[PDB]
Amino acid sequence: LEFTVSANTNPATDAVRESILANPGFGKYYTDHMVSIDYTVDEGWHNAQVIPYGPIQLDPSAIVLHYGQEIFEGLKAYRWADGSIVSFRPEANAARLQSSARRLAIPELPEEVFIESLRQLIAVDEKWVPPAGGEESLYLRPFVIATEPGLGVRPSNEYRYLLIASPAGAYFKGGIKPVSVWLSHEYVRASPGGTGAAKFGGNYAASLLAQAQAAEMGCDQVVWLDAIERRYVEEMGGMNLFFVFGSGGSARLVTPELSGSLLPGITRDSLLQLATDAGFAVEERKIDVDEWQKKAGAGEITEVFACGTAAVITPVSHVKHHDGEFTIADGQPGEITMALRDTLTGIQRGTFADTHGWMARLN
């Protein structure tokens, strides 16, 4: 697949760009260009090009605007001391976009095309990648939407793959601050035979009310419990959860298993490997509120944190639910939590050795 480039003749001035990079926030600003690739049953993926960031054209009856056939991904690009630009496990996001597409009846995008789209975008907007060393980075948002017109209900025959980039400083409004959680009693994130294992837009729209409720109960984020027994802890918003038992080199990590409805986070998969590298024992199993509250109060569960691309790792210090409320440890970020976060971020920034070859050069 050959990419054609249509330079932006009116990009953001150096002043504006530098200003944005100084206080980027998250998903607020976007780079000067974006990648676009069209799909049709006859020509397959074609017309791959790098064009200026700008409004998209859609037919009023476009399937995505009626039957929500759409999927997305999220990863980052970092600038290293040697001036190189790299991404964290981009191949993993390429594979998950394919798995998400399959579940939503969307044509898969070749991984080499996915990776290439990333190189093409950085090639023109490399100056949007924050300076080396720091919590800042360039968030990459690959996504596919159904663009074929027609109000009939069925898989679209036309799709459009888009790749946009957004400078990122910090996702949450706390960063080095722990969050309180409300365990949803009324809502579920997904159920067996659903789309829980896919990065599907529909999953998020349906969770808006649950999040609003968490805040109304005086908590920062909502936490999901299995839809079958309404007992086992799954995730916190759009992030996976980890439970720390004990402390020091003898501490062990427990995280909900991939029941099939849980979203296989890449940060989650990476942290499991990092924990093992540090010598910590790991375990992927089911864990319910009862055990959580009991062991947390007993002092066995010393820390709890959520993980995801945007925030990397977010400490969980307070828990509230339909039948109780309790604090984790002293309510502050745990030792292991910060230890693993520093290790992961260090690897991503090129500070620590990348023994697993997770860092890929984009340039």
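All residue numbers refer to positions in the sequence shown, first residue = 1.
Novice: Please work out which of 281 to 289 and 215 to 223 has the higher mean CA B-factor as recorded in the PDB entry.
Specialist: For C-alpha atoms only, the mean B-factor is higher in 281 to 289.
Novice: Given the B-factors recorded for C-alpha atoms, which segment has the greater mean, 41 to 49 or 59 to 67?
Specialist: Going by the record's values, the stretch with the higher mean is 41 to 49.
Novice: Please work out which residue in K173, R102, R141, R268 has the highest C-alpha B-factor recorded for this crystal structure.
Specialist: It is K173.
Novice: I'd like to know which of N240, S247, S207, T276 has the highest C-alpha temperature factor in the PDB entry.
Specialist: It is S247.
Novice: Using only modelled residues of the chain, where does the Cα B factor of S156 rank: lowest third, middle third or highest third?
Specialist: It belongs to the middle third of the chain when residues are ordered by C-alpha B-factor.
Novice: For the chain shown, is the CA B-factor of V16 in the lowest, middle or highest third of its modelled residues?
Specialist: Tercile = highest for this residue's CA B-factor.
Novice: Rank-wise, by C-alpha B-factor, drop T351 into the lowest, middle or highest third of its chain.
Specialist: According to the entry, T351 has a C-alpha B-factor in the chain's middle third.
Novice: Quick one: classify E73 as lowest, middle or highest third of the chain based on its Cα B-factor.
Specialist: For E73, the deposited C-alpha B-factor lands in the lowest third.
Novice: Is the Cα B-factor recorded for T255 in the lowest, middle or highest third of its chain?
Specialist: Its C-alpha B-factor, which the entry lists for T255, ranks in the middle third among residues of this chain.
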